[PDB]
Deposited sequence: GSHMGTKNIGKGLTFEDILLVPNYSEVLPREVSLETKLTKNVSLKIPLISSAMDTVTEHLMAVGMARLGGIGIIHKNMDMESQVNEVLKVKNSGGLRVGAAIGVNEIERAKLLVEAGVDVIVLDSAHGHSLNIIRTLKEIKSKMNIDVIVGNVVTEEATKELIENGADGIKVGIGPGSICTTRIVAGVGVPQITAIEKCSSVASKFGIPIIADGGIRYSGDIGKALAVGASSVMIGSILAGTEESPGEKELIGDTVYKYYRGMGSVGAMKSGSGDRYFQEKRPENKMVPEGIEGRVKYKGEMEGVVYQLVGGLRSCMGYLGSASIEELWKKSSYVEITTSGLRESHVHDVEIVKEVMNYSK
């Protein structure tokens, strides 16, 4: 049968409470971004022109996470954005590249970047793998490759030198892939499939897209991810790369338009709190402890 089964998304499930000995404040949110880079919190700001530039990356790094500077600009600009983050405190920083963009990656590495995010709409392709091999042979850096949803995809990327795999075809807030192409796999299932491969190799999984609430972070992690990438939640915050605008009562941020969210610190604080509480309910002091102990129930939309 062509039907491989029932795909489950964030809103379809709820995590089941376990016996607990840990207070939410006692929980350790420390995780691995790649096999050689680690973070204090499992949050990553998306590589979109509407979410992560130098300001956003500085904020994320100071709060224990990491920003990925988007590639939608010239090489010199992206290297500059990376330098600005490194200048103010010597923080953790990442940057995205497309296919065949070897020189871009090279200059980003020399700028001091900690991770290169090899992004594409369909990560399980020839050209993505060729770029991966080419990067690994020409420069010394940890590479995150995406996006994928299947077992074979995850296996082939790890074998070709991937230091982390990014999961997500479909869930993005500004979606078109599900409608234009009719292609995708729901996030919970997508993480589950990819985790069964990656954890045998000890390779971290980044859950990318579809996060609406702090609860979704807990589900994505509990299901097998090591970190979570967020876009829309951070889009519209003061630190996002836009300018403020006024329409009636409400303040907006143009580039494209989304509602102003205020300081990012308040937004990140709530996400962290929600995750701490989640891991409290499930009696897990660490994310690795969460993987071993977590379970969920299917829920009707209602």
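Gaps between the deposited sequence and the modelled structure occur at positions 1-5, 261-293, 341-361.
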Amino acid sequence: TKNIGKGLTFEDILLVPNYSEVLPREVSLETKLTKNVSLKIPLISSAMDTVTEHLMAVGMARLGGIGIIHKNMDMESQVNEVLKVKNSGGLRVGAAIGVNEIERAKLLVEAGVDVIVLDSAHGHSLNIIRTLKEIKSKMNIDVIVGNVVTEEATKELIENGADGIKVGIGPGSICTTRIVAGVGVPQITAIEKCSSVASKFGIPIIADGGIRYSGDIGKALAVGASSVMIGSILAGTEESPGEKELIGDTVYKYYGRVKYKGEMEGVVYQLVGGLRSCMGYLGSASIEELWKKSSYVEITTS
From here on, numbers count along this sequence of modelled residues.
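Per the PDB record, of the two stretches 79-87 and 219-227, 79-87 carries the greater mean B-factor over its C-alpha atoms.
Here 241-249 and 263-271 are compared by their mean Cα B-factor, and 241-249 comes out higher.
Residues shown: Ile169, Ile188, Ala207, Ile116. Highest C-alpha temperature factor in the entry: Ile169.
Among the modelled residues of the chain, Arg257 sits in the highest third by CA temperature factor in this PDB entry. In this PDB entry, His124 carries a Cα temperature factor that places it within the middle third of its chain's modelled residues.
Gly94 sits in the highest third of its chain by CA B factor, as recorded in the PDB entry.
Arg212: CA B factor lies in the lowest third for its chain, per the PDB record. The entry lists a Cα temperature factor for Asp12 that places it in the lowest third of the chain's modelled residues.
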